[PDB]
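Novice:
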Amino acid sequence: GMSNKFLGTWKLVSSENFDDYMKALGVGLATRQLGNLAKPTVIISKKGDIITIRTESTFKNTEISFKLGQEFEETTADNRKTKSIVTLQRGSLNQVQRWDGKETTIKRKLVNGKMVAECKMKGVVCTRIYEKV
Ligand SMILES: CCCCCCCCCCCCCCCC(=O)O
Numbered sequence: 038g039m040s041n042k043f044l045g046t047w048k049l050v051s052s053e054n055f056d057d058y059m060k061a062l063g064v065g066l067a068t069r070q071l072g073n074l075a076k077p078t079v080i081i082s083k084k085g086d087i088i089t090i091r092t093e094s095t096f097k098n099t100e101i102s103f104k105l106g107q108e109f110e111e112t113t114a115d116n117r118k119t120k121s122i123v124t125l126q127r128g129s130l131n132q133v134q135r136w137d138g139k140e141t142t143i144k145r146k147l148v149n150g151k152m153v154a155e156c157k158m159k160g161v162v163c164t165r166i167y168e169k170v
């Protein structure tokens with residue numbers, strides 16, 4: 038299953054192209070302004086086979102709980118209502134969100150002890166790097 042090295046608290050230290058990613062999602066200017074200023078913490082936990090990813094920031098908190106390979110209903114930070122799934126590929130924790138005929142992917146992988154989240158939509162690629170705290 039998911040490597041236990043994902044478990045714990047992560048803090049955003051680098052974000053590239055998040056504004057264009059949010060634009061591709063349909064997020065408006067004022068929300069993007071706050072989104073680009075946010076430096077969230079991400080807490081990854083498990084209980085049995087249920088994995089939880091909680092995102093905390095002054096602007097917005099989100100939490101998803103899921104079993105690998107089982108579709109679930111998600112309410113994203115920008116209030117999209119998506120059908121989502123998380124699965125593993127070579128140790129990468131890969132999330133897909135589908136709504137209104139659209140799709141975005143968030144792939145979270147460990148690289149030299151950091152957590153790297155690659156966010157993709159409509160040819161837009163955003164990379165967010167987290168330090169373990
Ligand atoms: C709490 C994150 C930033 C808040 C800005 C809300 C605008 C919509 C953002 C949706 C995409 C969030 C993807 C996060 C990827 C990650 O965990 O690094």
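Its first residue numbered 38, the sequence shown is counted upward by one per residue in the working numbering. Note that CB positions come from ideal geometry on N, CA and C, so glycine has one too.
1) For the beta strand (DSSP E) that contains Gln132, what are its first and last residues?
2) Taking the alpha-carbon positions, what's the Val64 to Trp136 distance?
3) Tell me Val79's beta-bridge partners as DSSP assigns them.
4) So which of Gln126, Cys163, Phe109 and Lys169 has the shortest CA-CA distance to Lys60?
5) Please name the residue in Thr92, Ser82 and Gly85 whose C-alpha comes closest to that of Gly72.
6) Can you give me the C-alpha to C-alpha distance between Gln132 and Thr119, rounded to a whole angstrom?
7) Quick check on DSSP: helix, strand or coil for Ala154?
8) Check the DSSP bridge columns for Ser102 and list the partner residues they point to.
9) For ligand 1, I want to know if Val161 counts as a neighbour, meaning its beta carbon is within less than 7 Å of at least one of the ligand's heavy atoms.
10) Just tell me which of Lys151, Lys169 and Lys139 has its CA closest to the CA of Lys157.
11) Could you tell me which of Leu44, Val148 and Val123 sits nearest to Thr78, measuring between CA atoms?
Specialist: Working from what's here:
1) Numbered from its first residue, the sequence shown carries residue 132 at position 95. Note, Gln132: beta strand (DSSP E), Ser129 to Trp136.
2) Within the sequence shown, numbered from 1, the residue matching residue 64 stands at position 27. Within the sequence shown, numbered from 1, the residue matching residue 136 stands at position 99. If you take the alpha carbons of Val64 and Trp136, they lie about 15 Å apart.
3) Translated into positions along the sequence shown, residue 79 becomes position 42. In DSSP, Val79 forms a bridge with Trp47 and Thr92.
4) Taking the sequence shown and counting its residues from 1, one reaches residue 60 at position 23. It is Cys163.
5) To locate residue 72, count along the sequence shown from 1; it is residue 35. Ranking the options by Cα distance to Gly72, first place goes to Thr92.
6) Translated into the one-based positions of the sequence shown, residue 132 becomes position 95. Translated into the one-based positions of the sequence shown, residue 119 becomes position 82. Distance between the alpha carbons of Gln132 and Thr119: 11 Å.
7) What you label residue 154 is simply residue 117 of the sequence shown in a count that begins at 1. Three-state result, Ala154: strand.
8) Numbered from 1 along the sequence shown, position 65 holds the residue referred to as residue 102. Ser102 is bridged to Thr89.
9) As a first step, residue 161 is located in the sequence shown; it is residue number 124 there, counting from the start. False, no ligand heavy atom lies under 7 Å from that Cβ.
10) Looking up residue 157 in the sequence shown gives position 120. Minimum Cα distance to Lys157 is reached at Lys139.
11) Residue numbering aside, residue 78 sits at position 41 when the sequence shown is read from its first letter. The shortest C-alpha separation from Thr78 is found at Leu44.
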